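No value in this document is a laboratory result; all are computed from the given coordinates. Cβ atoms come from the backbone with ideal geometry, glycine included; neighbour counts cover every protein chain shown.
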Amino acid sequence: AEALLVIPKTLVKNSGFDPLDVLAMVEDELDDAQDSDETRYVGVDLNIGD
Amino acid sequence: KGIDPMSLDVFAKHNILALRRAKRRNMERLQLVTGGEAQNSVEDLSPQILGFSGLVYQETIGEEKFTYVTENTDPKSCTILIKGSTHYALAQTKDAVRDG
Amino acid sequence: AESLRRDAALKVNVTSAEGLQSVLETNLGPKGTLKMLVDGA
Amino acid sequence: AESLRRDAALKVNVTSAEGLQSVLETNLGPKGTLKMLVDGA
Amino acid sequence: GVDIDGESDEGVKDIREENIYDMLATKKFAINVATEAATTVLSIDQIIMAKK
Amino acid sequence: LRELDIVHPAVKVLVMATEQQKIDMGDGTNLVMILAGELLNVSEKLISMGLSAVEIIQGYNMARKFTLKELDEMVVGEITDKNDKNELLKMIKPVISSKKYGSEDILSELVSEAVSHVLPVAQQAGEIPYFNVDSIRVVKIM
Amino acid sequence: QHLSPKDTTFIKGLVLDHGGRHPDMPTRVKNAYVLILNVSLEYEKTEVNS
């Protein structure tokens, strides 16, 4: 499971962005989606950073 | 095949576009795009052998010249023209097109 | 009387993978880096 | 270019603690080992 | 503009006196080529070579 | 550049871009190589500053589009393409300049006169090309 | 290798390398008929030089 998270950390590593900062922002959005019964996909935006 | 200099003045009065030194593999796909069958003998030529094509215009370049068979009703074929200024720009673009 | 515990060995096989990974690490993604490779040609 | 912006000599401070850890890891607990030191006098 | 001088002068002088101009086709084409030239060098973080 | 032996393959990148200036426009080869070399010096300070080279490349793409839009507003005069002997003196003078000193006055009338001989009489027609690159040959004699 | 990559366009048909070169050929021909001709339109010589 930890070996599959290197891909989103690699995309932000070349641009100089903090891989740990963008990792916590995605996990915070996935917690709100588990409570609701809807389906929403989350992804990393390299241009904006969020 | 080639073209003799005698027929150059004949095709100019009728504005008949002439070509020479054609690739054998490229002519096999012309039967699908144009629709006309290859005619070996003019004595057996039929009026239905003539195909259909759109606007044909040749670009003017000193080193080489191009012929556009494009704008066809049912071409059933495509060609991706790769342009570039340098040599590495052609290898990078060719890799991006084949990956897409 | 010769017998061993079969030491882990391994190592460099993974270490060589880390050096090769860093070559393609910066080459992946739209924001990655483009590297030049010319061998003998 | 100038300055440094790499502190990586810091890993020696962690590596120096790794050697002391492996020494004191074996003698920890009732199943540990009894260490012996000799000055030579 | 920039004056070469070579004898004497005070400050700069007008270029329109000598009518020294540059065409747009030459200047505009030189910008796109020089931009992509430095882009390739900055984009290459690794170089692999081999002896012949 | 063709008569020099290149060792590092990164140098050939600037050489290939320099040849593009000579083939198409034929002028400005010194402007391309010098400007490309300075962009690396200003980018070296950004590397030591900690700025990644990815955003440096993206910054030049935004600055290049802003520069091309300002080139149309910097145009002072417009060449009427009269092909007159006196009108061609304005374009040829800076070309001979910054190369050989003292010959700019003598070679201005010699080059401008040979161009008007090979060009026919036409105006406002760009369909059929006239001036080629082989129309002017240079010979030497002791 | 001539034109820049920014000026590239899509080709619906097929393009060929060596075309016919004549000064009086028209620039644009609309609705042209394509006819494959396998016979030689140029003078031929004996296998031995003559």
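How large is the dipole of chain F about the Cα centre if only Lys and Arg carry +1 and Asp and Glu carry -1, each at its Cβ, rounded to the nearest 20 debye?
340 debye
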Over the range F:40-142, relative contact order from alpha-carbon pairs under 8 Å, at least 6 apart, %: 19 percent
Summed residue charge, Cβ within 10 Å of B:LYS65's Cβ, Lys/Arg positive, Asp/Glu negative: -3
For the range E:46-51, 3J(HN,Hα) per residue [Karplus equation, 6.51 cos²θ - 1.76 cosθ + 1.60, θ = phi - 60°, Hz, x = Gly/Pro]: 8, 9, 10, 10, 8, 6
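For n ≥ 4 DSSP H runs only, could you compute -39500 (n - 2.57) per run for chain B, divide by its residues and tell me the 222 nm figure to the nearest 500? Provide the component values of the computation, followed by the final result.
On the way: 3 runs with 31 residues, N = 100.
Calculated from helices alone, the mean residue ellipticity at 222 nm is -9000 deg cm²/dmol.
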Value of [θ]222 nm, deg cm²/dmol, for chain A, DSSP H segments ≥ 4, -39500 (n - 2.57) each, nearest 500: -16500 deg cm²/dmol
For the range D:4-14, 3J(HN,Hα) per residue [Karplus equation, 6.51 cos²θ - 1.76 cosθ + 1.60, θ = phi - 60°, Hz, x = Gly/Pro]: 9, 6, 9, 9, 3, 4, 4, 4, 5, 5, 6
Positive-pole candidate from D:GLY29, D:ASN13, D:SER3, dipole of chain D, charges at beta carbon: D:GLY29
Of F:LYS82/F:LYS140; E:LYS28/F:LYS69; C:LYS31/E:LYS28; A:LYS9/G:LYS6; E:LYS28/G:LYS6; C:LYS31/F:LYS22, those spanning more than 22 Å from alpha-carbon to alpha-carbon: F:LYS82/F:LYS140; C:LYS31/E:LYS28; A:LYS9/G:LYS6; C:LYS31/F:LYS22
Cα pair distances in chain F, grouped into 5 Å bins until the bin that holds the longest one, percent each: 1, 6, 10, 14, 17, 15, 13, 10, 7, 4, 3, 1, 0
Whole-number Å³ per residue for the convex hull built on Cα positions in chain A: 82 Å³
For C:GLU18, label point 7 Å along C-beta direction: distances to other copies, nm: 0.9
Positive-end residue, chain E charge dipole about Cα centroid, Cβ charges, pick of E:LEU24, E:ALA34, E:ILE44: E:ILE44
Point-charge dipole on Cβ atoms (K/R +1, D/E -1) for the protein assembly as shown, about Cα centre, debye to 20: 1840 debye
Within chain A: Cβ-based charge dipole about Cα centre, in debye rounded to nearest 20 (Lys, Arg +1; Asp, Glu -1): 460 debye
Inter-copy label distances at D:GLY29 (7 Å, Cα→Cβ; nm, one decimal): 4.2
7 Å along Cα→Cβ, label-point gaps from C:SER3 to other copies, nm, shortest first: 6.0
Sum of side-chain charges, G:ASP17 neighbourhood, beta-carbon under 10 Å (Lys, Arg +1; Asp, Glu -1): +2
Nearby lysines by direct alpha-carbon distance to G:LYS12 (threshold 17 angstrom, same-chain neighbours under 8 apart not counted): B:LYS76, B:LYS83, G:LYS30
Between the range E:17-42 and the range F:82-142, the alpha-carbon center distance in angstrom: 22 Å
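Would you order B:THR73, B:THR93 from fewest to most other beta-carbon atoms within 10 Å of each residue's own beta-carbon?
B:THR73, B:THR93
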Rg/Rh (Cα only; Kirkwood hydrodynamic radius) as it applies to chain D: 1.31
CD proxy at 222 nm, helix term only [per DSSP H run n ≥ 4: -39500 (n - 2.57); per residue of chain E; nearest 500]: -13000 deg cm²/dmol
For chain E, radius of gyration divided by Kirkwood radius, i.e. Rg to Rh on alpha-carbons: 1.29
Chain B: relative contact order as a whole-number percent, Cα under 8 Å and 6+ apart: 17 percent
Overall dimensions of chain B by Cα: Rg and Dmax, Å: 17.2, 51
